[PDB]
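Asker: Got a file for you: entry_13.pdb, PDB, N, CA and C atoms.
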MODEL        1
ATOM      1  N   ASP A 245      12.469  68.683  -6.860  1.00  0.00           N
ATOM      2  CA  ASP A 245      12.497  67.664  -5.813  1.00  0.00           C
ATOM      3  C   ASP A 245      11.724  66.411  -6.233  1.00  0.00           C
ATOM      4  N   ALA A 246      10.593  66.604  -6.925  1.00  0.00           N
ATOM      5  CA  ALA A 246       9.755  65.531  -7.441  1.00  0.00           C
ATOM      6  C   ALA A 246      10.482  64.670  -8.480  1.00  0.00           C
ATOM      7  N   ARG A 247      11.568  65.195  -9.079  1.00  0.00           N
ATOM      8  CA  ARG A 247      12.417  64.491 -10.044  1.00  0.00           C
ATOM      9  C   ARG A 247      13.786  64.120  -9.453  1.00  0.00           C
ATOM     10  N   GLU A 248      14.154  64.723  -8.309  1.00  0.00           N
ATOM     11  CA  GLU A 248      15.366  64.371  -7.581  1.00  0.00           C
ATOM     12  C   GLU A 248      15.070  63.184  -6.665  1.00  0.00           C
ATOM     13  N   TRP A 249      14.141  63.409  -5.724  1.00  0.00           N
ATOM     14  CA  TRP A 249      13.727  62.443  -4.720  1.00  0.00           C
ATOM     15  C   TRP A 249      12.622  61.548  -5.282  1.00  0.00           C
ATOM     16  N   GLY A 250      11.591  62.166  -5.878  1.00  0.00           N
ATOM     17  CA  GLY A 250      10.331  61.525  -6.232  1.00  0.00           C
ATOM     18  C   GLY A 250      10.470  60.290  -7.124  1.00  0.00           C
ATOM     19  N   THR A 251      11.324  60.361  -8.158  1.00  0.00           N
ATOM     20  CA  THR A 251      11.603  59.236  -9.044  1.00  0.00           C
ATOM     21  C   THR A 251      12.124  58.042  -8.251  1.00  0.00           C
ATOM     22  N   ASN A 252      13.151  58.318  -7.451  1.00  0.00           N
ATOM     23  CA  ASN A 252      13.934  57.320  -6.755  1.00  0.00           C
ATOM     24  C   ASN A 252      13.106  56.723  -5.616  1.00  0.00           C
ATOM     25  N   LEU A 253      12.308  57.578  -4.959  1.00  0.00           N
ATOM     26  CA  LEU A 253      11.350  57.180  -3.936  1.00  0.00           C
ATOM     27  C   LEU A 253      10.242  56.311  -4.532  1.00  0.00           C
ATOM     28  N   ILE A 254       9.815  56.600  -5.771  1.00  0.00           N
ATOM     29  CA  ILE A 254       8.800  55.789  -6.433  1.00  0.00           C
ATOM     30  C   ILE A 254       9.406  54.463  -6.905  1.00  0.00           C
ATOM     31  N   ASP A 255      10.708  54.453  -7.233  1.00  0.00           N
ATOM     32  CA  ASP A 255      11.424  53.205  -7.472  1.00  0.00           C
ATOM     33  C   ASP A 255      11.465  52.369  -6.191  1.00  0.00           C
ATOM     34  N   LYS A 256      11.778  53.002  -5.044  1.00  0.00           N
ATOM     35  CA  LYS A 256      11.733  52.391  -3.720  1.00  0.00           C
ATOM     36  C   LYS A 256      10.343  51.806  -3.459  1.00  0.00           C
ATOM     37  N   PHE A 257       9.294  52.617  -3.660  1.00  0.00           N
ATOM     38  CA  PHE A 257       7.903  52.262  -3.408  1.00  0.00           C
ATOM     39  C   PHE A 257       7.447  51.083  -4.268  1.00  0.00           C
ATOM     40  N   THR A 258       7.823  51.065  -5.556  1.00  0.00           N
ATOM     41  CA  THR A 258       7.463  49.975  -6.456  1.00  0.00           C
ATOM     42  C   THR A 258       8.196  48.680  -6.109  1.00  0.00           C
ATOM     43  N   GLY A 259       9.113  48.737  -5.138  1.00  0.00           N
ATOM     44  CA  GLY A 259       9.610  47.537  -4.479  1.00  0.00           C
ATOM     45  C   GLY A 259       8.471  46.709  -3.887  1.00  0.00           C
ATOM     46  N   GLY A 260       7.364  47.381  -3.540  1.00  0.00           N
ATOM     47  CA  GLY A 260       6.130  46.744  -3.109  1.00  0.00           C
ATOM     48  C   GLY A 260       5.477  45.919  -4.217  1.00  0.00           C
ATOM     49  N   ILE A 261       5.447  46.462  -5.445  1.00  0.00           N
ATOM     50  CA  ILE A 261       4.938  45.770  -6.623  1.00  0.00           C
ATOM     51  C   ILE A 261       5.858  44.592  -6.955  1.00  0.00           C
ATOM     52  N   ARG A 262       7.180  44.788  -6.816  1.00  0.00           N
ATOM     53  CA  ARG A 262       8.183  43.752  -7.032  1.00  0.00           C
ATOM     54  C   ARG A 262       8.075  42.609  -6.020  1.00  0.00           C
ATOM     55  N   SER A 263       7.492  42.864  -4.837  1.00  0.00           N
ATOM     56  CA  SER A 263       7.351  41.851  -3.795  1.00  0.00           C
ATOM     57  C   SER A 263       6.563  40.640  -4.292  1.00  0.00           C
ATOM     58  N   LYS A 264       5.473  40.887  -5.030  1.00  0.00           N
ATOM     59  CA  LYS A 264       4.697  39.835  -5.672  1.00  0.00           C
ATOM     60  C   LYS A 264       5.487  39.185  -6.810  1.00  0.00           C
ATOM     61  N   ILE A 265       6.124  39.993  -7.671  1.00  0.00           N
ATOM     62  CA  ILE A 265       6.790  39.524  -8.884  1.00  0.00           C
ATOM     63  C   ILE A 265       8.086  38.756  -8.572  1.00  0.00           C
ATOM     64  N   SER A 266       8.568  38.814  -7.313  1.00  0.00           N
ATOM     65  CA  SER A 266       9.666  37.978  -6.828  1.00  0.00           C
ATOM     66  C   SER A 266       9.184  36.840  -5.922  1.00  0.00           C
ATOM     67  N   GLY A 267       8.142  37.086  -5.118  1.00  0.00           N
ATOM     68  CA  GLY A 267       7.472  36.027  -4.378  1.00  0.00           C
ATOM     69  C   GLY A 267       6.937  34.950  -5.319  1.00  0.00           C
ATOM     70  N   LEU A 268       6.557  35.376  -6.532  1.00  0.00           N
ATOM     71  CA  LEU A 268       6.096  34.555  -7.643  1.00  0.00           C
ATOM     72  C   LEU A 268       7.084  33.431  -7.962  1.00  0.00           C
ATOM     73  N   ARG A 269       8.390  33.719  -7.879  1.00  0.00           N
ATOM     74  CA  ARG A 269       9.427  32.743  -8.187  1.00  0.00           C
ATOM     75  C   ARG A 269       9.569  31.720  -7.060  1.00  0.00           C
ATOM     76  N   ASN A 270       9.436  32.177  -5.811  1.00  0.00           N
ATOM     77  CA  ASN A 270       9.263  31.277  -4.686  1.00  0.00           C
ATOM     78  C   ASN A 270       8.030  30.395  -4.893  1.00  0.00           C
ATOM     79  N   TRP A 271       6.874  30.999  -5.202  1.00  0.00           N
ATOM     80  CA  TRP A 271       5.639  30.258  -5.417  1.00  0.00           C
ATOM     81  C   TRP A 271       5.788  29.214  -6.532  1.00  0.00           C
ATOM     82  N   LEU A 272       6.448  29.572  -7.643  1.00  0.00           N
ATOM     83  CA  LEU A 272       6.676  28.641  -8.742  1.00  0.00           C
ATOM     84  C   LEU A 272       7.785  27.628  -8.434  1.00  0.00           C
ATOM     85  N   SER A 273       8.630  27.917  -7.432  1.00  0.00           N
ATOM     86  CA  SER A 273       9.561  26.949  -6.861  1.00  0.00           C
ATOM     87  C   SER A 273       8.797  25.838  -6.142  1.00  0.00           C
ATOM     88  N   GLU A 274       7.873  26.236  -5.260  1.00  0.00           N
ATOM     89  CA  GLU A 274       7.011  25.351  -4.488  1.00  0.00           C
ATOM     90  C   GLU A 274       6.095  24.564  -5.423  1.00  0.00           C
ATOM     91  N   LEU A 275       5.608  25.217  -6.486  1.00  0.00           N
ATOM     92  CA  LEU A 275       4.774  24.551  -7.475  1.00  0.00           C
ATOM     93  C   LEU A 275       5.598  23.595  -8.349  1.00  0.00           C
ATOM     94  N   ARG A 276       6.941  23.688  -8.307  1.00  0.00           N
ATOM     95  CA  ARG A 276       7.811  22.657  -8.868  1.00  0.00           C
ATOM     96  C   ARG A 276       8.022  21.523  -7.865  1.00  0.00           C
ATOM     97  N   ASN A 277       8.228  21.855  -6.580  1.00  0.00           N
ATOM     98  CA  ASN A 277       8.433  20.881  -5.516  1.00  0.00           C
ATOM     99  C   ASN A 277       7.267  19.891  -5.448  1.00  0.00           C
ATOM    100  N   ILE A 278       6.056  20.384  -5.738  1.00  0.00           N
ATOM    101  CA  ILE A 278       4.814  19.624  -5.748  1.00  0.00           C
ATOM    102  C   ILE A 278       4.830  18.509  -6.801  1.00  0.00           C
ATOM    103  N   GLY A 279       5.708  18.615  -7.807  1.00  0.00           N
ATOM    104  CA  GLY A 279       6.013  17.501  -8.695  1.00  0.00           C
ATOM    105  C   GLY A 279       7.317  16.794  -8.328  1.00  0.00           C
ATOM    106  N   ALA A 280       8.385  17.582  -8.147  1.00  0.00           N
ATOM    107  CA  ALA A 280       9.761  17.112  -8.117  1.00  0.00           C
ATOM    108  C   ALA A 280      10.181  16.548  -6.757  1.00  0.00           C
ATOM    109  N   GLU A 281       9.703  17.137  -5.646  1.00  0.00           N
ATOM    110  CA  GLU A 281      10.076  16.714  -4.298  1.00  0.00           C
ATOM    111  C   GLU A 281       9.125  15.657  -3.735  1.00  0.00           C
ATOM    112  N   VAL A 282       7.847  15.662  -4.150  1.00  0.00           N
ATOM    113  CA  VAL A 282       6.948  14.548  -3.860  1.00  0.00           C
ATOM    114  C   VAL A 282       7.580  13.252  -4.372  1.00  0.00           C
ATOM    115  N   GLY A 283       8.286  13.349  -5.503  1.00  0.00           N
ATOM    116  CA  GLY A 283       9.039  12.256  -6.103  1.00  0.00           C
ATOM    117  C   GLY A 283      10.246  11.768  -5.293  1.00  0.00           C
ATOM    118  N   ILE A 284      10.617  12.477  -4.211  1.00  0.00           N
ATOM    119  CA  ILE A 284      11.639  12.018  -3.273  1.00  0.00           C
ATOM    120  C   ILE A 284      10.973  11.252  -2.129  1.00  0.00           C
ATOM    121  N   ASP A 285       9.758  11.667  -1.743  1.00  0.00           N
ATOM    122  CA  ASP A 285       8.970  10.972  -0.736  1.00  0.00           C
ATOM    123  C   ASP A 285       8.504   9.615  -1.259  1.00  0.00           C
ATOM    124  N   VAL A 286       8.022   9.579  -2.509  1.00  0.00           N
ATOM    125  CA  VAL A 286       7.348   8.430  -3.108  1.00  0.00           C
ATOM    126  C   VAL A 286       8.200   7.157  -3.043  1.00  0.00           C
ATOM    127  N   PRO A 287       9.504   7.144  -3.432  1.00  0.00           N
ATOM    128  CA  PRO A 287      10.312   5.926  -3.357  1.00  0.00           C
ATOM    129  C   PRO A 287      10.555   5.335  -1.968  1.00  0.00           C
ATOM    130  N   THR A 288      10.149   6.043  -0.898  1.00  0.00           N
ATOM    131  CA  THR A 288      10.122   5.467   0.443  1.00  0.00           C
ATOM    132  C   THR A 288       9.092   4.335   0.545  1.00  0.00           C
ATOM    133  N   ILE A 289       8.105   4.311  -0.366  1.00  0.00           N
ATOM    134  CA  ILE A 289       7.217   3.170  -0.561  1.00  0.00           C
ATOM    135  C   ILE A 289       8.057   1.946  -0.924  1.00  0.00           C
ATOM    136  N   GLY A 290       8.990   2.120  -1.868  1.00  0.00           N
ATOM    137  CA  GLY A 290       9.983   1.116  -2.218  1.00  0.00           C
ATOM    138  C   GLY A 290      10.901   0.780  -1.046  1.00  0.00           C
ATOM    139  N   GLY A 291      11.206   1.787  -0.215  1.00  0.00           N
ATOM    140  CA  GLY A 291      11.955   1.616   1.023  1.00  0.00           C
ATOM    141  C   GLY A 291      11.272   0.664   2.004  1.00  0.00           C
ATOM    142  N   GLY A 292       9.945   0.535   1.889  1.00  0.00           N
ATOM    143  CA  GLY A 292       9.166  -0.434   2.644  1.00  0.00           C
ATOM    144  C   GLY A 292       8.965  -1.755   1.901  1.00  0.00           C
ATOM    145  N   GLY A 293       8.562  -1.685   0.622  1.00  0.00           N
ATOM    146  CA  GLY A 293       8.216  -2.848  -0.184  1.00  0.00           C
ATOM    147  C   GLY A 293       9.436  -3.667  -0.592  1.00  0.00           C
TER     148      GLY A 293
ATOM    149  N   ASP B 294       2.411   3.443   4.880  1.00  0.00           N
ATOM    150  CA  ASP B 294       1.667   2.222   4.612  1.00  0.00           C
ATOM    151  C   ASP B 294       2.526   1.236   3.825  1.00  0.00           C
ATOM    152  N   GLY B 295       3.474   1.756   3.034  1.00  0.00           N
ATOM    153  CA  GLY B 295       4.469   0.947   2.347  1.00  0.00           C
ATOM    154  C   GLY B 295       5.386   0.239   3.339  1.00  0.00           C
ATOM    155  N   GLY B 296       5.716   0.935   4.435  1.00  0.00           N
ATOM    156  CA  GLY B 296       6.418   0.350   5.567  1.00  0.00           C
ATOM    157  C   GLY B 296       5.530  -0.595   6.368  1.00  0.00           C
ATOM    158  N   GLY B 297       4.249  -0.227   6.511  1.00  0.00           N
ATOM    159  CA  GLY B 297       3.255  -1.005   7.234  1.00  0.00           C
ATOM    160  C   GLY B 297       3.020  -2.390   6.635  1.00  0.00           C
ATOM    161  N   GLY B 298       3.081  -2.485   5.299  1.00  0.00           N
ATOM    162  CA  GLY B 298       2.993  -3.745   4.577  1.00  0.00           C
ATOM    163  C   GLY B 298       4.195  -4.664   4.797  1.00  0.00           C
ATOM    164  N   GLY B 299       5.244  -4.150   5.455  1.00  0.00           N
ATOM    165  CA  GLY B 299       6.429  -4.916   5.821  1.00  0.00           C
ATOM    166  C   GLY B 299       6.341  -5.614   7.182  1.00  0.00           C
ATOM    167  N   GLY B 300       5.177  -5.539   7.841  1.00  0.00           N
ATOM    168  CA  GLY B 300       4.954  -6.186   9.127  1.00  0.00           C
ATOM    169  C   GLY B 300       4.004  -7.364   9.021  1.00  0.00           C
ATOM    170  N   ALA B 317       7.710 -38.215  13.330  1.00  0.00           N
ATOM    171  CA  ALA B 317       8.610 -39.314  12.900  1.00  0.00           C
ATOM    172  C   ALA B 317       7.833 -40.629  12.840  1.00  0.00           C
ATOM    173  N   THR B 318       8.010 -41.375  11.740  1.00  0.00           N
ATOM    174  CA  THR B 318       7.392 -42.680  11.544  1.00  0.00           C
ATOM    175  C   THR B 318       8.469 -43.759  11.677  1.00  0.00           C
ATOM    176  N   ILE B 319       8.273 -44.694  12.618  1.00  0.00           N
ATOM    177  CA  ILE B 319       9.325 -45.598  13.067  1.00  0.00           C
ATOM    178  C   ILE B 319       8.966 -47.045  12.707  1.00  0.00           C
ATOM    179  N   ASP B 320       9.935 -47.776  12.130  1.00  0.00           N
ATOM    180  CA  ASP B 320       9.737 -49.148  11.681  1.00  0.00           C
ATOM    181  C   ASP B 320       9.947 -50.125  12.838  1.00  0.00           C
ATOM    182  N   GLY B 321       8.852 -50.777  13.256  1.00  0.00           N
ATOM    183  CA  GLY B 321       8.848 -51.770  14.321  1.00  0.00           C
ATOM    184  C   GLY B 321       9.732 -52.987  14.040  1.00  0.00           C
ATOM    185  N   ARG B 322       9.852 -53.386  12.761  1.00  0.00           N
ATOM    186  CA  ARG B 322      10.749 -54.465  12.365  1.00  0.00           C
ATOM    187  C   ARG B 322      12.202 -54.080  12.641  1.00  0.00           C
ATOM    188  N   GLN B 323      12.611 -52.889  12.179  1.00  0.00           N
ATOM    189  CA  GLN B 323      14.005 -52.482  12.292  1.00  0.00           C
ATOM    190  C   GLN B 323      14.405 -52.110  13.722  1.00  0.00           C
ATOM    191  N   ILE B 324      13.478 -51.612  14.559  1.00  0.00           N
ATOM    192  CA  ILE B 324      13.782 -51.466  15.980  1.00  0.00           C
ATOM    193  C   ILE B 324      14.033 -52.847  16.587  1.00  0.00           C
ATOM    194  N   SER B 325      13.070 -53.769  16.428  1.00  0.00           N
ATOM    195  CA  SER B 325      13.123 -55.067  17.093  1.00  0.00           C
ATOM    196  C   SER B 325      14.290 -55.929  16.600  1.00  0.00           C
ATOM    197  N   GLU B 326      14.686 -55.767  15.327  1.00  0.00           N
ATOM    198  CA  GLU B 326      15.848 -56.449  14.767  1.00  0.00           C
ATOM    199  C   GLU B 326      17.154 -55.844  15.293  1.00  0.00           C
ATOM    200  N   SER B 327      17.210 -54.506  15.410  1.00  0.00           N
ATOM    201  CA  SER B 327      18.402 -53.805  15.875  1.00  0.00           C
ATOM    202  C   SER B 327      18.672 -54.042  17.367  1.00  0.00           C
ATOM    203  N   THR B 328      17.610 -54.187  18.178  1.00  0.00           N
ATOM    204  CA  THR B 328      17.764 -54.319  19.625  1.00  0.00           C
ATOM    205  C   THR B 328      17.998 -55.767  20.075  1.00  0.00           C
ATOM    206  N   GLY B 329      17.902 -56.751  19.160  1.00  0.00           N
ATOM    207  CA  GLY B 329      18.001 -58.174  19.478  1.00  0.00           C
ATOM    208  C   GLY B 329      19.296 -58.551  20.200  1.00  0.00           C
ATOM    209  N   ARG B 330      20.427 -58.020  19.704  1.00  0.00           N
ATOM    210  CA  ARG B 330      21.760 -58.213  20.270  1.00  0.00           C
ATOM    211  C   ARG B 330      21.848 -57.752  21.731  1.00  0.00           C
ATOM    212  N   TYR B 331      20.987 -56.794  22.114  1.00  0.00           N
ATOM    213  CA  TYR B 331      20.941 -56.208  23.450  1.00  0.00           C
ATOM    214  C   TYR B 331      19.876 -56.864  24.342  1.00  0.00           C
ATOM    215  N   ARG B 332      18.717 -57.262  23.779  1.00  0.00           N
ATOM    216  CA  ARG B 332      17.637 -57.890  24.543  1.00  0.00           C
ATOM    217  C   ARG B 332      18.053 -59.249  25.119  1.00  0.00           C
ATOM    218  N   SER B 333      18.851 -60.007  24.351  1.00  0.00           N
ATOM    219  CA  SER B 333      19.332 -61.334  24.711  1.00  0.00           C
ATOM    220  C   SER B 333      20.528 -61.283  25.669  1.00  0.00           C
ATOM    221  N   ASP B 334      21.155 -60.104  25.819  1.00  0.00           N
ATOM    222  CA  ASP B 334      22.433 -59.946  26.508  1.00  0.00           C
ATOM    223  C   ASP B 334      22.385 -60.373  27.981  1.00  0.00           C
ATOM    224  N   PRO B 335      21.403 -59.927  28.818  1.00  0.00           N
ATOM    225  CA  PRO B 335      21.356 -60.325  30.230  1.00  0.00           C
ATOM    226  C   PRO B 335      21.300 -61.838  30.445  1.00  0.00           C
ATOM    227  N   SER B 336      20.630 -62.549  29.526  1.00  0.00           N
ATOM    228  CA  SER B 336      20.490 -63.994  29.608  1.00  0.00           C
ATOM    229  C   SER B 336      21.808 -64.693  29.266  1.00  0.00           C
ATOM    230  N   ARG B 337      22.547 -64.171  28.271  1.00  0.00           N
ATOM    231  CA  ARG B 337      23.886 -64.651  27.947  1.00  0.00           C
ATOM    232  C   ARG B 337      24.841 -64.411  29.121  1.00  0.00           C
ATOM    233  N   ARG B 338      24.716 -63.246  29.780  1.00  0.00           N
ATOM    234  CA  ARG B 338      25.464 -62.902  30.987  1.00  0.00           C
ATOM    235  C   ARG B 338      25.192 -63.888  32.130  1.00  0.00           C
ATOM    236  N   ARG B 339      23.990 -64.493  32.144  1.00  0.00           N
ATOM    237  CA  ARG B 339      23.581 -65.472  33.147  1.00  0.00           C
ATOM    238  C   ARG B 339      23.690 -66.916  32.640  1.00  0.00           C
ATOM    239  N   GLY B 340      24.477 -67.134  31.575  1.00  0.00           N
ATOM    240  CA  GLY B 340      24.666 -68.454  30.994  1.00  0.00           C
ATOM    241  C   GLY B 340      23.622 -68.767  29.924  1.00  0.00           C
ATOM    242  N   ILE B 341      22.471 -69.311  30.360  1.00  0.00           N
ATOM    243  CA  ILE B 341      21.329 -69.626  29.509  1.00  0.00           C
ATOM    244  C   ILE B 341      20.047 -69.183  30.230  1.00  0.00           C
TER     245      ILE B 341
ENDMDL
END
Turn this file's structure into structure tokens for me.
Answerer:
Amino acid sequence: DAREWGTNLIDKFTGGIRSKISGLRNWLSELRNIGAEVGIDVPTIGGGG
Amino acid sequence: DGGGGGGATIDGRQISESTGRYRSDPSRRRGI
């Protein structure tokens, strides 16, 4: 049972470990926006000037 | 803040010369 259920259940459980390792890509998306999307706000200065 | 930064001299000779034809008119209308 520990090799029938247990393996697959531990794969399920390590979905918890994967939560960080996939949230990481969201976080590095936002850490790109902090360069790339600020650059969409900035030319609104030109929109005024 | 980029948006915020987006907020007669008259010649007495030429009058008196031009009006002469009109100033004399009532007297001509009355003969002399």
Asker: Based on all atoms listed in the file, which of the residues in chain B come within 6.5 Å of chain A? I want them as a count of residues only.
Answerer: 5
Asker: Find the distance between CA of residue 280 (chain A) and CA of residue 300 (chain B) and write it in Å to one decimal.
Answerer: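 We find that CA of residue 280 (chain A) and CA of residue 300 (chain B) lie 29.4 Å from each other.
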Asker: Tell me, in Å to one decimal, how far CA of residue 245 (chain A) is from CA of residue 266 (chain A).
Answerer: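 Interatomic distance, CA of residue 245 (chain A) to CA of residue 266 (chain A): 29.8 Å.
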Asker: Write out as an MDAnalysis selection string all residues of chain A that DSSP puts in alpha helix (DSSP H) for this structure's backbone.
Answerer: chainID A and resid 250:257 259:280 282:285 288:292
Asker: What's the separation between atom N of residue 260 (chain A) and atom N of residue 246 (chain A), in Å to one decimal place?
Answerer: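 Spanning atom N of residue 260 (chain A) to atom N of residue 246 (chain A) is a straight-line distance of 19.8 Å.
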Asker: Using only the atoms of region 277-284 of chain A listed in the file, plus 3 Å on each side, state the axis-aligned box centre and edge lengths in Å rounded to one decimal, as JSON.
Answerer:
{"center_x": 8.2, "center_y": 16.6, "center_z": -5.4, "size_x": 12.8, "size_y": 16.6, "size_z": 12.6}
Asker: Show me that you can extract region 266-290 of chain A, keeping N, CA and C atoms, and write it as a PDB file, in the first residue's frame.
Answerer:
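Result written to decode00.pdb:
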ATOM      1  N   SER A 266       6.240  27.226  -8.355  1.00  0.00           N
ATOM      2  CA  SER A 266       5.392  27.800  -9.400  1.00  0.00           C
ATOM      3  C   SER A 266       4.943  29.229  -9.075  1.00  0.00           C
ATOM      4  N   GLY A 267       4.695  29.524  -7.793  1.00  0.00           N
ATOM      5  CA  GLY A 267       4.470  30.891  -7.346  1.00  0.00           C
ATOM      6  C   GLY A 267       5.661  31.785  -7.684  1.00  0.00           C
ATOM      7  N   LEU A 268       6.858  31.181  -7.684  1.00  0.00           N
ATOM      8  CA  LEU A 268       8.137  31.772  -8.052  1.00  0.00           C
ATOM      9  C   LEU A 268       8.078  32.428  -9.433  1.00  0.00           C
ATOM     10  N   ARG A 269       7.366  31.802 -10.381  1.00  0.00           N
ATOM     11  CA  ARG A 269       7.259  32.310 -11.741  1.00  0.00           C
ATOM     12  C   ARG A 269       6.312  33.509 -11.806  1.00  0.00           C
ATOM     13  N   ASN A 270       5.228  33.463 -11.027  1.00  0.00           N
ATOM     14  CA  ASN A 270       4.416  34.641 -10.782  1.00  0.00           C
ATOM     15  C   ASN A 270       5.267  35.757 -10.172  1.00  0.00           C
ATOM     16  N   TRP A 271       6.011  35.460  -9.098  1.00  0.00           N
ATOM     17  CA  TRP A 271       6.854  36.445  -8.435  1.00  0.00           C
ATOM     18  C   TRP A 271       7.876  37.061  -9.399  1.00  0.00           C
ATOM     19  N   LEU A 272       8.508  36.242 -10.253  1.00  0.00           N
ATOM     20  CA  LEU A 272       9.467  36.734 -11.235  1.00  0.00           C
ATOM     21  C   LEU A 272       8.789  37.420 -12.427  1.00  0.00           C
ATOM     22  N   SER A 273       7.484  37.175 -12.625  1.00  0.00           N
ATOM     23  CA  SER A 273       6.653  37.942 -13.547  1.00  0.00           C
ATOM     24  C   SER A 273       6.495  39.379 -13.051  1.00  0.00           C
ATOM     25  N   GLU A 274       6.108  39.521 -11.778  1.00  0.00           N
ATOM     26  CA  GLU A 274       5.926  40.794 -11.091  1.00  0.00           C
ATOM     27  C   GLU A 274       7.257  41.535 -10.998  1.00  0.00           C
ATOM     28  N   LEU A 275       8.348  40.794 -10.762  1.00  0.00           N
ATOM     29  CA  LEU A 275       9.677  41.386 -10.711  1.00  0.00           C
ATOM     30  C   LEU A 275      10.163  41.787 -12.110  1.00  0.00           C
ATOM     31  N   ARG A 276       9.492  41.318 -13.180  1.00  0.00           N
ATOM     32  CA  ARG A 276       9.691  41.858 -14.522  1.00  0.00           C
ATOM     33  C   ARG A 276       8.833  43.105 -14.736  1.00  0.00           C
ATOM     34  N   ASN A 277       7.573  43.084 -14.273  1.00  0.00           N
ATOM     35  CA  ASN A 277       6.647  44.203 -14.396  1.00  0.00           C
ATOM     36  C   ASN A 277       7.236  45.472 -13.775  1.00  0.00           C
ATOM     37  N   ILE A 278       8.001  45.297 -12.690  1.00  0.00           N
ATOM     38  CA  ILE A 278       8.669  46.357 -11.947  1.00  0.00           C
ATOM     39  C   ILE A 278       9.707  47.094 -12.804  1.00  0.00           C
ATOM     40  N   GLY A 279      10.171  46.470 -13.894  1.00  0.00           N
ATOM     41  CA  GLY A 279      10.928  47.164 -14.926  1.00  0.00           C
ATOM     42  C   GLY A 279      10.075  47.527 -16.141  1.00  0.00           C
ATOM     43  N   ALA A 280       9.335  46.539 -16.659  1.00  0.00           N
ATOM     44  CA  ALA A 280       8.719  46.574 -17.977  1.00  0.00           C
ATOM     45  C   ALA A 280       7.389  47.332 -18.005  1.00  0.00           C
ATOM     46  N   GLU A 281       6.571  47.230 -16.942  1.00  0.00           N
ATOM     47  CA  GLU A 281       5.259  47.869 -16.882  1.00  0.00           C
ATOM     48  C   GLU A 281       5.320  49.269 -16.269  1.00  0.00           C
ATOM     49  N   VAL A 282       6.278  49.529 -15.365  1.00  0.00           N
ATOM     50  CA  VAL A 282       6.562  50.892 -14.926  1.00  0.00           C
ATOM     51  C   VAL A 282       6.857  51.759 -16.152  1.00  0.00           C
ATOM     52  N   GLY A 283       7.512  51.160 -17.152  1.00  0.00           N
ATOM     53  CA  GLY A 283       7.806  51.781 -18.436  1.00  0.00           C
ATOM     54  C   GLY A 283       6.585  52.091 -19.310  1.00  0.00           C
ATOM     55  N   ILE A 284       5.385  51.621 -18.921  1.00  0.00           N
ATOM     56  CA  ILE A 284       4.135  51.993 -19.579  1.00  0.00           C
ATOM     57  C   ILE A 284       3.522  53.197 -18.864  1.00  0.00           C
ATOM     58  N   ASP A 285       3.703  53.277 -17.538  1.00  0.00           N
ATOM     59  CA  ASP A 285       3.260  54.416 -16.748  1.00  0.00           C
ATOM     60  C   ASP A 285       4.082  55.658 -17.085  1.00  0.00           C
ATOM     61  N   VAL A 286       5.409  55.498 -17.190  1.00  0.00           N
ATOM     62  CA  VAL A 286       6.371  56.591 -17.304  1.00  0.00           C
ATOM     63  C   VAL A 286       6.055  57.525 -18.477  1.00  0.00           C
ATOM     64  N   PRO A 287       5.791  57.050 -19.725  1.00  0.00           N
ATOM     65  CA  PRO A 287       5.479  57.950 -20.836  1.00  0.00           C
ATOM     66  C   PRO A 287       4.209  58.792 -20.716  1.00  0.00           C
ATOM     67  N   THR A 288       3.382  58.549 -19.683  1.00  0.00           N
ATOM     68  CA  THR A 288       2.278  59.445 -19.351  1.00  0.00           C
ATOM     69  C   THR A 288       2.789  60.813 -18.884  1.00  0.00           C
ATOM     70  N   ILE A 289       4.051  60.881 -18.429  1.00  0.00           N
ATOM     71  CA  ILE A 289       4.758  62.137 -18.201  1.00  0.00           C
ATOM     72  C   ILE A 289       4.818  62.916 -19.515  1.00  0.00           C
ATOM     73  N   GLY A 290       5.194  62.229 -20.600  1.00  0.00           N
ATOM     74  CA  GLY A 290       5.148  62.765 -21.952  1.00  0.00           C
ATOM     75  C   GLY A 290       3.727  63.117 -22.384  1.00  0.00           C
TER      76      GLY A 290
END
